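Report on the following structure.
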Amino acid sequence: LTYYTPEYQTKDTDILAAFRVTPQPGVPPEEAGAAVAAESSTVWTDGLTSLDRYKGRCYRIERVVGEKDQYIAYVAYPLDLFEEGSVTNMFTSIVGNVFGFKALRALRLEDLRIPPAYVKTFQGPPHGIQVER
Amino acid sequence: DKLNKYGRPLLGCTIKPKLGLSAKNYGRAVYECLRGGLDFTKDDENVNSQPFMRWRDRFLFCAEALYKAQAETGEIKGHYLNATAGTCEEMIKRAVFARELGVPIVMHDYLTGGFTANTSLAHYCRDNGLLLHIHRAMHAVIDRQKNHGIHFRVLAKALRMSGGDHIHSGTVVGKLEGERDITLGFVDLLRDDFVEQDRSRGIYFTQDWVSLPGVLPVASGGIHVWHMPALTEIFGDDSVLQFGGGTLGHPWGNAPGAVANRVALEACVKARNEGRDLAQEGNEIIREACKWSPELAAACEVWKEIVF
Amino acid sequence: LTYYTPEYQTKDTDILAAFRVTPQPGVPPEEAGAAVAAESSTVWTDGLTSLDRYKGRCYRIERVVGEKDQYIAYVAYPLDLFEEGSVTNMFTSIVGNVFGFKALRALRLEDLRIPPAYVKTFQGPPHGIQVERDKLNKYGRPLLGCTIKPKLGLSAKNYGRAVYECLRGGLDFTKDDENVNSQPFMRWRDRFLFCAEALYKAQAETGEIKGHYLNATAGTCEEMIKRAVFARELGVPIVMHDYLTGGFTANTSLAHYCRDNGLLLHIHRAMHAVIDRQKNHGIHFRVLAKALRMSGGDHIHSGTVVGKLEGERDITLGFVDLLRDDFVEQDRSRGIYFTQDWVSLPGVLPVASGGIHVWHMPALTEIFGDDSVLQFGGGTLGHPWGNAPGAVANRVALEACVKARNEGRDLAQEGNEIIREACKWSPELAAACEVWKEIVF
Amino acid sequence: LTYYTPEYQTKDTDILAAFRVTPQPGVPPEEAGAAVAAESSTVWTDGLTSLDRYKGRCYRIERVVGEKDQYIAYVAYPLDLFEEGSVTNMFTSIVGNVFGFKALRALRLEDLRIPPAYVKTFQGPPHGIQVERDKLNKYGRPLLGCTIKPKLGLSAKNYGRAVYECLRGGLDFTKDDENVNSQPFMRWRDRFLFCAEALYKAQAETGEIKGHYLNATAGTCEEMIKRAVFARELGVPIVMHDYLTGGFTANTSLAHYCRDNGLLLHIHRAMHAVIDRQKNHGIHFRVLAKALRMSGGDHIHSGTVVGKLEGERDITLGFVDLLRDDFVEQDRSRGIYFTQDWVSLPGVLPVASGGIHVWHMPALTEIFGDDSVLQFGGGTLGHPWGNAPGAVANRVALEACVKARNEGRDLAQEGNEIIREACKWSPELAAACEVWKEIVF
Amino acid sequence: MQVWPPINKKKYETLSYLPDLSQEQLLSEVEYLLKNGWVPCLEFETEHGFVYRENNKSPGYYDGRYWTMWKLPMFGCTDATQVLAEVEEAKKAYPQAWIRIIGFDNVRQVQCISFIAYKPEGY
Amino acid sequence: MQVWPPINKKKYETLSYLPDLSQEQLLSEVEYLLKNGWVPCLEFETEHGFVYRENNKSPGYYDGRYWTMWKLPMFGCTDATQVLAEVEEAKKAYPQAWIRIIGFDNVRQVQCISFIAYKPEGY
Ligand SMILES: O=C(O)[C@@](O)(COP(=O)(O)O)[C@H](O)[C@H](O)COP(=O)(O)O
Ligand SMILES: O=C(O)[C@@](O)(COP(=O)(O)O)[C@H](O)[C@H](O)COP(=O)(O)O
Ligand SMILES: O=C(O)[C@@](O)(COP(=O)(O)O)[C@H](O)[C@H](O)COP(=O)(O)O
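Each protein sequence line maps, in turn, to chains V, L, D, P, Z and X.
Under the deposited numbering, read the first sequence as residues 22 to 63, 69 to 159, first letter to last.
Under the deposited numbering, read the second sequence as residues 160 to 467, first letter to last.
Under the deposited numbering, read the third sequence as residues 22 to 63, 69 to 467, first letter to last.
Under the deposited numbering, read the fourth sequence as residues 22 to 63, 69 to 467, first letter to last.
Under the deposited numbering, read the fifth sequence as residues 1 to 123, first letter to last.
Under the deposited numbering, read the sixth sequence as residues 1 to 123, first letter to last.
Right, here's the structure in full:
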């Protein structure tokens, strides 16, 4: 469907999120994972812009073999959503509203893959191990 | 006082989609919505400055749309220009140019921004005359699970103290009377000078605010025109009622979706003043006001089908 | 061998260079290409660091089937050699010492592929095509520019008279000559003031937004920003800079100032042909154009196609697309040696200048299309009734090439007829192409 | 005709250009030379101004007796075209559009004569030879420089180890590579700090004053001065700039800062051969050298004479004199097309680099003499016992070429013997030229 | 679908988007006012009926916000008829006036009610 | 030689220097629009027909650039007659209006067409 795209081939300039999601009581992983993607990205006159260029895509569901309703959803986000150099805007765009979405019970962010074209917009350590030594 | 708005909740409007839109486009949206009757339009919590809309262009095109709307209506308008930025410096830089266009309110995401930075943006607003609207982005990473974390009324209290003039309080739409009471516990902590301990609504401690000003609460998400009497009664006059999908989702477009939302509310107010009861007469109130506003009629046509 | 590695698989964070190399008299392509790579990168105690991590690799040799000793060597350079955001350090590391290497005869840089992880360290255009159109409210037609002449010589009050006249006629922009900076005959601040007066007069009169490229090129970084700051102060929309005599360091500073203060940047490619004309030594213009999209400007001089053969016209359209587009696929036909992803950096609107005349309107409206500035010097000016009707002349010419295109008419064929039937309802345009009637009709 | 005026008597406040021009296929020298003049100056309502006051005049044609269609056209330009103190506007007005003029095939700028009334609008060197010698207390011997290698790749603590080692051996200067600016492997401030530590250590040890050219080239005007400011802050004597990738605007800013804060400026001619190598199109290096004496630097890269024929060696010595001397008479032999009065602008000390080895010492001490920096990369470094004794190697070599010259010995002849008898009392120098013994002795 | 007219729909904030109030409606608003204990007061304006920024444009400065006080705050008004009498006074006194009723909540020192009561021709 | 009149020739940008368009001309422009896939939309204005700078004069701020949207963007318009019907609607609705047709290229998120369609008396 619009935000669950198992079709998807991830771009090298994409920020991927592995969210452990626990849905409610009668919500299939497929809708959970796609609500996660919808809500950490977009919604309407995408005939005045394009939904597809800026949409977060839930492109994978795993089941955490062990727990109850736990899945690992893999969401992919466009590099154009992100303000260069602002961790503040990375976290506001990914973890800013999905964790309170009523159709999930709990949600945890397990990993983010930060693509080289966004790592280069950040200074990082003012000095780092080698210099410090 | 500053805005000259008295006796009715203030109405806000969300511009959508979240990301994706361009600056000239955002400003078209903003003008349209504001001339319809809302008093505020909102930079999305995460439009900061991105490849598709850099901040200064947004700020400029929205300062143009908001003055147009105001000149047209005769009422004072505002657009929350989001000054959240990745550094303290870039944040105040944005604030400074909103100061420069003479526009009344900027916005900040206090929890991703951080408490240090928001006390700096709040001091700047005090010193330069700008209202601060706050967005609680990331709160549910902190306040959702009922057994670990920090309850939102403690995060709300830390924003009254750090500083903001508006803050996102959530919605009561589709909330049980038990929930609705913890919500009203912390709305009062935000607006009131003395709040007595009332373990019922979660007020574990009495709080004296020794005259610190109160934060006006913003009710957002899921709000629709027919929810107007409940929110006018649950929150009363000192609040901003924020329609995203309400303004926008209206089929004739968003200036009449703004009229839709503005007559809905001025009828929930008139009625309350006439003694009518919004808890009961709600659906009838809005029903008789649909009779003299095609805008409002159109706005709740499916709701007629289920309800009436 | 150490710097010729045909083995090599290029990393996505690598800067690739396609250098046309002509070796001496008894030097195999393989050594030429590997000397090029050695010299735009490294040499010694690489047992205290690692040669291999920072070495430029010549990973391909082609032979340019046509010429003598010409080859196309493909060199790959590590992203760690490059200082983020410094075109100055890109050019110093690639073109800084190899072109004088004695074992080559001539060397030309034909293309650079700039990887997305380095494109994101640069601001690029302070505003770009979409914003500029928005800011200015100009949509569906190429923007028209006008040159004020003579180059040097004129006074400030005079320049402003010229500017008002031309702008009220229908052009949208008028241009400080590439070399009016501040001189004994026209000091900058007086020029800026008299032209801010003429351009607001024109705008008030027409109802359309006007601009004049105030040239902020100066002999120091300080004097340059000083000029920019006073254009900011009069509220005027565009300043201009000569990026190649000014320099890359200074233009990244003027581009950041324009971003931060709301001013469009128009760039002039003065001195390019000292660098890009000879076909066997130098740097091809599409590499100088790419370095301006990255350093920053909103307009840049792309040349003219007037009197250019279809083979030329195609390398021109190769680099116009590199300037406006987000993705340009490798197309060795138009000289696009590498595919280029611009990861959303804004596009630079191209300016077609010199030799352009009214009757060239349909060709330029079809070769360049809507996202361009068509710049008439001698067109506006050279009109015999004066330059406000020479501006009308040039404005109806173009709005007829647009109407016609929208009606499906073909500008390649119907051109001369299009302009011909529009001359019937504009004495301005009639007068403008009276000698051309004589040769053609 | 209007721009070819053989009539003309040049004014003392005129900038003369000697352009080597190669016309097309059926264009007489007379039109070529006059198009050159028209295009580096003017065109129209010169009844509202005056064409004649601001026109460039082609006042002479020579034929280069040797080549095909080559001529030397002499153009004269009014001092009123030029913005005082802006090399950026000198180059934009002279070389800004003529080299792409279709009626010429190639065009090269060979010399510019800069009149005293324009030389006085420029600061020139922030300090110059005499002051630099004074400041540093170094008299009677060329100054010795050393290159740190590899170019890229090394770390800041490592670079500083290299620097200390080389400087305590006897060189007076060590050099940030032309392209170490600030990169993932060595950010600038760390480099500057570790090298300020190594250079003071070396100085404390030797008793002689040391310096390290800290490269302040940066992608913006602001970042460049920021680097300069922290070198000022550590009290270190010289920073460096790549003037041609940096740009003329920015280097006049760094040169003014050095004047005002006491720092020597060392310049690197990176990218020059993109501009000055082909003998028929471009700008000759002595014109790029002249524009650095005027923009400002205290040291500049002059090239090497090692492995250069006596004909080459003479154009090299023509422009070394233009850099150091107050009056240089026209001497078409060494390419000095115009006499040049420098009206006391300070002289730029020249740097001889690349390929220089210990056994080349007597030739460079005789071809360049005392006012120069002789720069060994591979000399210092390439020595097998390490670079502090490679520095001793290079320092005794040179102090023997000087002693000998003072004793009347002839360096052109006795060279190989001079160095030979000095190898007898320096294992350092012995080791340094052991393979050269094998070929030569 | 109608287009909401861009011209001629200038509003006067609270309740100015419902139909024009009948005197029974006016009255009930003035009664509400009194029922909560808020001091009525009348304000009126003859020339700048709407916000403008003549004297400064910094964040939050607008001219036109203050109007002229019509007589005094009716401290201890007990029947809304007293207030209504006054609006009928001001209209005959001032038919070019824009007249509005405001109500003070002295204790929270906020003004807490506002709605227009009369307009000039063609408003 | 004529002098181009300094007064009374206010333009409305693209195509406003050709003769006033016939409905067949209007139509063909709206057809072009559709033939490239651009969303038509109508915009109109009754009082500030031309750019002005009331609220700020910094580089690039102009007032008058935005106009009022007439109804909605005609997503999936298939025949240009639908658009033209609308201009005839707005003219009878608003004869003092200035009406213009704009067209969005949603994908490149630029507006890509503009030309005026109707003017008030003596414009
Ligand atoms: O900020 C807002 O306004 C919310 O993000 C609420 O967030 P909180 O959890 O952080 O309080 C909104 O629900 C939507 O963007 C609008 O909803 P709608 O379209 O239904 O009206
Ligand atoms: O900048 C310009 O506008 C050019 O200098 C083009 O330069 P490029 O080689 O640097 O692109 C112009 O040809 C003339 O000044 C105007 O020509 P005309 O009078 O024929 O219209
Ligand atoms: O700047 C220098 O010092 C050069 O780059 C000369 O450049 P120019 O063409 O720009 O004058 C050097 O040759 C090498 O880095 C050192 O050579 P070596 O190891 O042989 O001593």
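Every residue gets a Cβ at the ideal spot worked out from N, C-alpha and C, and that includes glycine.
*Below 7 Å CB to CB, which residues in the same chain sit around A281(D) once its five sequence neighbours on both sides are set aside?*
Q149, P152, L291, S321, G322 and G323
*asked:* Measuring CB atoms only, is the segment 358 to 371 of chain D touching the segment 336 to 350 of chain D, in the sense that at least three cross pairs come out at less than 8 Å?
replied: yes
*Nearest-angstrom Cα distance between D20(Z) and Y12(Z)?*
It is roughly 12 Å from the alpha-carbon of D20(Z) to the alpha-carbon of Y12(Z).
*Just list the beta strand (DSSP E) runs in the segment 202 to 286 of chain D, keeping only unbroken ones of 3 residues or longer that don't cross its boundaries, in chain order.*
237 to 241 and 264 to 267
*Does at least one heavy atom of ligand 5 sit under 7 Å from the Cβ of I382(L)?*
Ligand 5 is absent from the structure shown, which contains only ligand 1, ligand 2 and ligand 3.
*asked:* In this structure, how does DSSP classify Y24(V) when only helix, strand and coil are distinguished?
replied: coil
_Quick check: what's the CA-CA separation for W70(V) versus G395(D)?_
31 Å
*On the three-pair Cβ rule with 8 Å, is the segment 440 to 452 of chain D touching the segment 26 to 37 of chain P?*
Counting C-beta pairs with one atom in each stretch, the segment 440 to 452 of chain D and the segment 26 to 37 of chain P have fewer than three that are closer than 8 Å, which means they do not touch.
*Tell me, please, which residues DSSP counts as bridged to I99(Z).*
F44(Z) and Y118(Z)
*Give the residues from the segment 47 to 61 of chain X that approach chain L closer than 8 Å (Cβ to any Cβ), ordered along the chain.*
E54, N55, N56, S58, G60 and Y61
*asked:* What residue range does the alpha helix (DSSP H) around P388(P) cover?
replied: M387 to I393
*What residues match up with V354(D) in a beta bridge as DSSP calls it?*
Its beta-bridge partners are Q366(D).
*By Cβ distance, which residues of its chain are closer than 7 Å to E110(D), with the 5 residues on each side in sequence left out?*
Excluding residues up to 5 positions away in sequence, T147 lie with their Cβ nearer than 7 Å to the Cβ of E110(D) in the same chain.
_Distance CB(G245(D))-CB(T275(P)) smaller than 8 Å_ = yes
*Determine the direct distance from the alpha carbon of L400(L) to that of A85(Z), and round the result to whole angstroms.*
36 Å
*At a cut-off of 7 Å, is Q304(D) close to ligand 2 when judged by its beta-carbon and the heavy atoms of the ligand?*
no
*Apart from the five residues just before and just after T75(D), which ones in its own chain have a Cβ nearer than 6 Å to its Cβ?*
none
*Compile a chain-ordered list of the residues in the segment 262 to 279 of chain L whose CB is closer than 7 Å to at least one CB of chain V.*
Near chain V, meaning a CB-to-CB distance below 7 Å, the residues of the segment 262 to 279 of chain L are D268, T271 and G272.
*Determine the chain L residues that contact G333(D) at a beta-carbon separation under 9 Å, and present them in chain order.*
Neighbours of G333(D) on chain L: none; closest Cβ ~38 Å, over 9 Å.
*Considering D160(P), what are the terminal residues of the alpha helix (DSSP H) in which it resides?*
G154 to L162
_Beta bridge counterpart(s) of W70(X) as assigned by DSSP_ = BP columns for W70(X) point to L42(X).
_Can you give me the C-alpha to C-alpha distance between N115(V) and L107(V), rounded to a whole angstrom?_
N115(V) and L107(V): Cα-Cα distance of roughly 9 Å.
*Check the Cβ-Cβ distances between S208(P) and every residue of chain V, and say whether any is below 8 Å.*
no
*Should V145(V) be flagged as near chain P, meaning a C-beta pair shorter than 8 Å?*
no
*If you draw a straight line from the C-alpha of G333(D) to the C-alpha of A378(D), how long is it?*
13 Å
*Cβ-heavy atom distance, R339(D) to ligand 2, below 7 Å*: Remark: the C-beta of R339(D) is outside contact range of ligand 2, defined as less than 7 Å to any heavy atom.
*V399(D) lies in the beta strand (DSSP E); which residues open and close that run?*
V399 to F402
*Short check: CB of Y80(V) to CB of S62(V), under 8 Å?*
yes
*Spell out a yes or no on whether the segment 303 to 311 of chain D and the segment 299 to 313 of chain P are touching, meaning 3 or more CB-CB pairs, one atom from each, closer than 8 Å.*
yes
*asked:* Could you tell me the alpha carbon to alpha carbon distance between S28(X) and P46(V), rounded to whole angstroms?
replied: 57 Å
_Of the listed residues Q366(D), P453(D) and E336(D), nearest to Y144(D) (C-alpha basis)_ = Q366(D)
*Classify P95(X) as buried or exposed, calling it buried when 16 or more other Cβ atoms lie within 10 Å of its own Cβ.*
exposed
*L22(V) burial status per 10 Å Cβ neighbour count (16 or more: buried)*: exposed
*For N106(X), return the contacting residues in chain V, with the cut-off set at a CB-CB distance below 9 Å.*
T71, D72, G73, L74, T75 and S76
*Roughly how many whole angstroms lie between the Cα atoms of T68(X) and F44(X)?*
Distance between the alpha carbons of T68(X) and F44(X) is about 5 Å.
_Does any residue of chain P have a CB that is nearer than 8 Å to the CB of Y80(D)?_
yes
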